[PDB]
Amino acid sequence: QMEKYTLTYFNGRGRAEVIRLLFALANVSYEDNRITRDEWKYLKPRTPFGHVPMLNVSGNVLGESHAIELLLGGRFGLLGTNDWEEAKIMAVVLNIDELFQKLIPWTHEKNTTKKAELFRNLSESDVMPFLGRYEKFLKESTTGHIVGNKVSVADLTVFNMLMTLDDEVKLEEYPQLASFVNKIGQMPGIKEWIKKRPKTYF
């Protein structure tokens, strides 16, 4: 008997989307529970840390996006082939989290002038360093993976962030990242999920 997975998050990509990509890529079925703010009022105090995403695995509850990505990544064979690769994959995931956190105001700014200003102010300090970093990791990789020789949670995380930034970065100047984003995006499971998934502002 398969574990029953239920992911709870708002109706949005946000901090849940890498988890949704892991399920998509692994072709592992789960319930994609998207709640409203109002439903969240009641649910928040019964969660372990007062946040979403949350994962329910056959009656047992786990919080924290990167802990959930750890668990699923491990079960789905997306944490490399040894404990060193696993740790390097998780380091990347945690590094992208810092960038995600810096981008929160931008993601939620619906005024286009103000949103462009938020982004401008992060361009040199965070976005350009991100692109350079991951361009270089890939340049130094022989297989076009962020860590090791197969797809991992880190690939999905960097992929997801590139999609987040798609309208604001030019990947012609980062040919490794351009190739990578097309490769991950064409993977079965991922490709159908991107077409399928609810279109949300963030």
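A residue's number is simply how far along the shown sequence it sits, counting from 1.
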- In the PDB record, does 108 to 116 or 85 to 93 carry the higher mean Cα temperature factor? 108 to 116
- Item | Between the two ranges 59 to 67 and 38 to 46, the one averaging a larger CA B factor in the entry | 38 to 46
- Message: How does the C-alpha B factor of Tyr174 compare with the rest of the chain: lowest, middle or highest third?
- Response: highest
- Note on the structure: In terms of its chain's C-alpha B-factors, the third that includes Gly144 is the highest
- Message: Looking at the temperature factor on the CA atom of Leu21, which third of the chain's modelled residues does it land in?
- Response: lowest
- Determine, from the deposited record, the chain-internal third of the Cα B-factor for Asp155: lowest, middle or highest. lowest
- Going by the entry, which third of its chain does the Cα temperature factor of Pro188 land in? highest
